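Protein sequence lines, in the order shown, are assigned to chains B, E and D.
So in the authors' numbering, the last one in the first sequence is 523, and the numbering has no gaps at all.
So in the authors' numbering, the last one in the second sequence is 521, and the numbering has no gaps at all.
So in the authors' numbering, the last one in the third sequence is 523, and the numbering has no gaps at all.
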Amino acid sequence: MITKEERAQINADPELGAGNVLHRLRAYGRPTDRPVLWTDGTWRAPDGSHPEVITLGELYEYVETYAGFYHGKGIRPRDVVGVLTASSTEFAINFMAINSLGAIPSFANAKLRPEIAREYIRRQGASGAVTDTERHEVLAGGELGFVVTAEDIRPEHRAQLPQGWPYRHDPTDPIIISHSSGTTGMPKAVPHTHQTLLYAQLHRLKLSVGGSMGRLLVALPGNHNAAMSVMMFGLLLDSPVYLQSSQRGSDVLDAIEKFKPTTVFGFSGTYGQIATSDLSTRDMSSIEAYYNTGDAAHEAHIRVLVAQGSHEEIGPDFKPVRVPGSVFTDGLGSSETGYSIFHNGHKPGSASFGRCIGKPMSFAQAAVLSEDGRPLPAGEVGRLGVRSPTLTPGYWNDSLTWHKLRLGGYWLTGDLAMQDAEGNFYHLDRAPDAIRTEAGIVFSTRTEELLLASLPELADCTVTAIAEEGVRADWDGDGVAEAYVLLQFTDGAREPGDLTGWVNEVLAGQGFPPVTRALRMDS
Amino acid sequence: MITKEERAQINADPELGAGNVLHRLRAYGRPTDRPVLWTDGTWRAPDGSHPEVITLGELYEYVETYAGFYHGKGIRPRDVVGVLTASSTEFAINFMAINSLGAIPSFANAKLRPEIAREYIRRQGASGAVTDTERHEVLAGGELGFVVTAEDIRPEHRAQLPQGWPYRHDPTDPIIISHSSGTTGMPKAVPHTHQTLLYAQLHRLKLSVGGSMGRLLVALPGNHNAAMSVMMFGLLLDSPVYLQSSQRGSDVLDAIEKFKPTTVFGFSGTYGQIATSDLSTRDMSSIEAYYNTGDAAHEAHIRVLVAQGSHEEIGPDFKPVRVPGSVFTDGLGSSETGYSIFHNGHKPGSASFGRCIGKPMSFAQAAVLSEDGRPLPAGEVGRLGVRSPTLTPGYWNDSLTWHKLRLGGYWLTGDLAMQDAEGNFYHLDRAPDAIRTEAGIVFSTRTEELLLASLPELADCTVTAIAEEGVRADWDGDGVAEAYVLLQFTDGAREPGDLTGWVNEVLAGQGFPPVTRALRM
Amino acid sequence: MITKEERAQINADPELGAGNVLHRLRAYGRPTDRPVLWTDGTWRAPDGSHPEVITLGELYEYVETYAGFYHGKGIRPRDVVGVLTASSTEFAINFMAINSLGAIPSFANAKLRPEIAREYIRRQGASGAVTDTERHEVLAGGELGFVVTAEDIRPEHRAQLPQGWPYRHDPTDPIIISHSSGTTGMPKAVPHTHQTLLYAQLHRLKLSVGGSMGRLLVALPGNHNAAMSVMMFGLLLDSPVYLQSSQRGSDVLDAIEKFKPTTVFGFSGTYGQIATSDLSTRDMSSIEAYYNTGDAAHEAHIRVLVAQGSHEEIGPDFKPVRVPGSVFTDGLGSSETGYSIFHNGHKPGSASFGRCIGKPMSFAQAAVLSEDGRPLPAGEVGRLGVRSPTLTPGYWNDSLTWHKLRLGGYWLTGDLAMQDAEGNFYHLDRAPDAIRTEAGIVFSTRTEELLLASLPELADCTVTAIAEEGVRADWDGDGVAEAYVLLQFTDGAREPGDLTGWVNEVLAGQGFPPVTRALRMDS
């Protein structure tokens, strides 16, 4: 719970950024023996032990030792070091130590198809890599300058620490490369710099309070840049941090009871597994807030979750009172925008947000772009682009894609959107899921979700574009198509004989454009 | 020259940039039936002729024709189209027509080694490529979706123009890729955006900082982005532009004499060739100004050059007066920074600059940087850094090399510099050419040049460094080494007995660090 | 001469500005026992002494004593306090003390007519004033809350220092008011803020483009903001600063010899004075530089001055070599702009600049304006306007005059000017000294100087405009006039029989427009 003079120290520091938060604590003089970092014991120190409570002074010691090691391995400023692991606190140590040399840690998800994570790191020009034990086979034997593991770091390497350590980053210096989840092919490498990764957070501190975000459970996937942002944010406030590596509901609920977090960060999948779960054994009364990154959680799970714990609210006497329940925030962002431009807040009994994502944070700028890049009048549909001082400088060694994903000065998120008269935004669909048909624009994913919510006979479905030759009828095209549903029935469900009339009856009841034909698929 | 009403109009145009200069001249209602662009005859118009005097409307005709063609081949915004030719006019036509679709023309020097040009285009992810007939062989039979030449483009494709043409560029949208044509290896690919490529000129224009450029001879190499900058800006200011492909001094001198330009744009190589030429026979009486946009020209050349022509200067009565001789400006530009970060002006009778390159223009800021990215006090030696809104956003598809050429927020020019008291910079040497020796820093090409300026016995020499295994003793290092010269004598020179002390005598008479051994080779 | 660790400190201080240099020095931990300020003994210290040389510790203690004094008189942030004195050291001590309470010290020239000095301080709404004993009666017994002198401030007042001292200026907070002096009409009160007054200096320090400033003799008038500006820059750079009150050449030469400056700061008429004494009796050897803020210095005087001393140039080995002579930089600044908008160096064997004044500093932007505020193209005459982060936010309590001196977003300097193709500016005249006339505009001052230089029989002359009642024919009028010259012959010289044709011989030869009549002026 940093004092108001401490918050003053942080905000007066022009040198503080995502590449030196640990060395800034040394400069502030933060207590060298208090425990600052909690782990799930998945990471082995140089000395061979698997600490579950790391002291600030111990963290200095671990980071210097990794730094000296990599300095001895030949790592200079602006080299790239892959980090392919499943340990979240192992991602963390290598992040800081590789940073402290002016080198760029490149996070890769441990469950990447082994030939993909070989070509993903290769394309970046990495000098070498570090893995956990089970991923070491994925890179060893390749053409990397080295491939190491925690075993290869020995206490003695701390003596190899170079002169003038640690590195002084420019705002613009790359301090991490990370990639996004839910990918099937070659992920896109997203660098973040000394300012971009902690910009949002530091804009918080510069005016608002730090609240009682005083015990952080980071159940974000370790390879995601969100997980280092919250970690160093938590190291800046003296709020302790637990680095949960498993995204499994039981595994996080366990770490909830052990650690007792006030705030919990995670993906939608993790939050689902905790909502669809017996919580009568579970303590859970320490949490005041969850944070979701990635795909928004489904409102069903949200309401189960916002039920436990207790939060501060604004008392009618303008003083703080603890109402019961917990706040669940859907951060809408990505690896690129390096935070959460949009924030949907859920609290007990709160209404459905529907398609509303609200308003961008002050520091960021959002527009509903037309095809020539100009923002549109409120009621009209176009590509959601954003600008932000949290935005990456662009995909690593892939300019061609980075500019394909920019329009009229903004970075295209992939979405189609619209505004109300007062400039709130409404998320419609992904732009490739939009079909230009005669009877309007069909938004495939809203269509699919309406049908499944309406027709429990269905197990899944896929709206699809059916067009003549050469007619371009997607969002950017000038032509018209026909929408088809491919209906996947659940086993033993009653199948109506007129599949098209049956589906279009649902659509019309909500005004949606009708499909042209519904077709059963073989599951 | 431009009236104040229509300079105001250009300055008032927030859309104007490097991806639509041609399209804004319409908006200004500039005439379509008068000549604006002169050529050397090396490019095939779609109708099969080789036009040498192009009107504005004809230029719209060629750009629209080419734009329909590339659009018909499936070129979309943000696609890359290689452009491998030796014609400056052919570079210009393709530049604007690929601009106009929102695609990214990638210039490549025609004299690149075929395996190199093939891989340089390949790595950018290009969709296609146009070439002159000589270079078709280099990119054909590959994976490029299409390799075509001027002959594949015909006046029918002018009707294939997509609806909504021409593209509306954002300031940040890429409008060209090109590479620096000094030095071999795999050359590094430099994009420029709609706003970077002309930033310096639009900024001077906004402050109305000027002088009538008159007729513009562009003898810059067509594949260099500077050739496109100067041409665009010439068009925008109503300057007749001549696109001269050959950098050979006599060929430029032919174009000078034929076209009679008020302003010449070139590279030091070409200027060295014109200055050491025989201008007794040459009519240079039209030239009022030369610009160099690359490496600095040798002051020896500049002084013969600035004795030709005439120029206007502010008279004692504050009216203009014509005086003999002309002005030569070094802009100390690169592909990365655009052609104008510094300016060194020279006029007849003016003083040597020595190694002073002066201060950067007001929109750029420069630094002499320590190894940890922090500007050094005047008198010290560090890495020249540049920040500028004229600067590229980074090497195409090569973020790794890009951040290796950046330090404390500046882009590294490759050079070691120092400042004096007034904050003028001085260029000392290229950073890899410095040798730390127990005796001081040896700038090996300052040492070569001093020796060859002093010892007529020498034909060439090569200073080089050697130390023990593991000793780091160049600029990136921390130890020391020994400087060695390798001497080459001209025929019939008397080779002194004590080579090393012969060499170190010249160096110690200027204050230079001595070498520890000189050897004939 | 300042270390790179202290330069880094300064360049990494977001709090540093004209309202707290002294306290930033304390924070940095500068030693308190070294001398940092040298005086001419004109200021009385609290203990009754007149310190000739002041340490850092003493400065702190003198400023705290004054700050607690003014806090007891009731002075609160944003109060204006007049400072009417001849002592430069007294301007300085009161300037820093009044700052440190967040109050605005307002300088006035001690030789100002007292009815004008009382009204200039009444218009600002001041709460009180401090004076030297000779001007106490100028403001005493009027409306001001208090009028005090140095006798009234005493060691005991240091104890009233307010809790939370010193004041934390926002960059946009006023830290001084002051005025210029060639003026008819009530002097315009010119405020500067925490960031305008020191901006140029801090700029040439973050880009390290300074040099050997060495020992600083400030012989600018104490009441001018540049005198505060230069002194605070000296403190930051750790450079002995001498506050010279008197502007008499005789008196500046005394101080040059005593204090041995390497850089001298001053105004034209001081430099003209030095350049005309018998300098052979004098030791100016320590000098390397003169800065002439404000007006332009006479070219013939500069020749005399740049002949003294030595400066240091870069040699063929790219190491410094000392050369005879010194550099004289003509700053063309005003109270509005801070003293450096244009450099203009003069070395031994410089060329005549003629009317050229070079280019502006990189932080400022300047243009030659047409009557509708549009930058004119090279070769045409217009008004000189300046935009700059060092510019004042506007005349204190007089918006009407402020906006009458702006055009197209530029502040009007009063000058007519012109540019060349490279964009160097040329000073033609002050706008009222220009006479509208057929066969062209007469720039009266240039016409005077041309004749004075071509006709040594003349001792002086005056070009002036005659036109009927109800015509304004200067630059801002639309009407026309006849130019007359009024010739003042030197003693006994031969008088031509066609004075009109005799001057229009030299005038038309140079291309200048011609006068209607020449006349004889006896003395």
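Every residue, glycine too, gets a C-beta built ideally from N, C-alpha and C.
Counting only runs that start and end inside the segment 109-162 of chain B, the beta strand (DSSP E) elements of at least 3 residues fall at 129-131. In the assembly as shown, residue 48 (chain E) is an exposed residue. Its beta-carbon has fewer than 16 other beta-carbons within 10 Å. In the displayed model, residue 255 (chain D) falls within a helix according to three-state DSSP. As the crow flies, the alpha-carbon of residue 331 (chain D) is around 21 angstroms from that of residue 382 (chain D).
A distance below 6 angstroms between beta-carbons, with the five flanking residues on each side excluded, links residue 102 (chain E) to the following residues of its chain, in chain order: 77, 167. Residue 308 (chain B) sits in coil when the DSSP states are folded into three classes, being neither helix nor strand. A check of alpha carbon separations from residue 488 (chain E) across E:143, E:396, E:136, E:448 identifies E:448 as the nearest. Taking a Cβ-Cβ threshold of 9 angstroms, none of the residues of chain D is close to residue 505 (chain E); the smallest such distance is about 15 angstroms. Where residue 273 (chain E) is concerned, the enclosing alpha helix (DSSP H) starts and stops at 268-275. Per DSSP, the unbroken beta strand (DSSP E) holding residue 178 (chain D) starts and ends at 174-178. By the Cβ test, the segment 406-413 of chain E is not in contact with the segment 470-481 of chain E, since fewer than three Cβ pairs between them sit closer than 8 angstroms. Taken through DSSP and simplified to helix, strand or coil, residue 497 (chain D) comes out as coil. Within 8 angstroms of the CB of residue 374 (chain E), the CB atoms of chain D belong to 4, 8, in sequence order along the chain.
Three or more beta-carbon pairs separated by less than 8 angstroms are not found between the segment 436-445 of chain E and the segment 363-375 of chain E, which leaves the two stretches without contact.
Apart from the 5 residues on each side of it in sequence, residue 310 (chain D) sits with its Cβ closer than 6 angstroms to the Cβ of 322, 324 in its chain, given in chain order. Collapsing the DSSP output to three states places residue 265 (chain B) in a strand. Judged by beta-carbon spacing, residue 396 (chain E) lies beyond the 8 angstroms limit of residue 227 (chain E), meaning their Cβ atoms are not closer than that value.
Here DSSP, grouped into helix, strand and coil, assigns residue 13 (chain E) to coil. Within the segment 11-29 of chain B, contact with chain D at the beta-carbon level (separation under 7 angstroms) is assigned to 12, 14, 15. The beta carbon of residue 516 (chain D) sits closer than 7 angstroms to the beta carbons of 482, 483, 484 from its chain, once the five residues preceding and following it are set aside; these are given in chain order.
In this structure, the straight-line span from the alpha carbon of residue 16 (chain B) to that of residue 129 (chain E) is close to 47 angstroms. When 9 angstroms is used as the limit between beta carbons, residue 124 (chain B) is near these residues of chain E: 399, 400, in chain order.
Per the coordinates, the alpha-carbon of residue 163 (chain B) lies some 53 angstroms from the alpha-carbon of residue 426 (chain D).
One finds nothing in chain D with a Cβ atom closer than 8 angstroms to the Cβ of residue 273 (chain E); even the nearest lies about 27 angstroms away. In the three-state reduction of the DSSP assignment, residue 57 (chain D) falls in the helix class, which pools H, G and I. Counting the other CB atoms within 10 Å of its CB gives residue 388 (chain B) a total of 16 or more, which places it among the buried residues. The beta carbon of residue 455 (chain D) is closer than 7 angstroms to those of 506 in its chain, skipping five residues each way along the sequence.
For residue 367 (chain E), the nearest CB of chain D lies under 8 angstroms from its own CB, placing it at the interface with that chain.
Under the DSSP assignment, residue 449 (chain B) falls in the alpha helix (DSSP H) whose first and last residues are 444-454. Take the alpha-carbon of residue 317 (chain E) and the one of residue 490 (chain D): they are about 27 angstroms apart. Spatial neighbours of residue 346 (chain D) in its own chain (CB-CB distance under 6 angstroms, excluding positions within 5 residues in sequence) are listed in chain order as 302, 306, 328. Nearest to residue 266 (chain E) by C-alpha distance, out of E:2, E:337, E:295, is E:295. According to DSSP, residue pairing for residue 321 (chain B) in a beta bridge involves B:313.
Under the DSSP assignment, residue 438 (chain E) falls outside any beta strand (DSSP E); it carries neither an H nor an E label. Assignment of residue 196 (chain E) by DSSP, reduced to helix, strand and coil, places it in the coil class.
Going by DSSP, residue 225 (chain B) is part of no beta strand (DSSP E) but of the alpha helix (DSSP H) stretching over 225-236.
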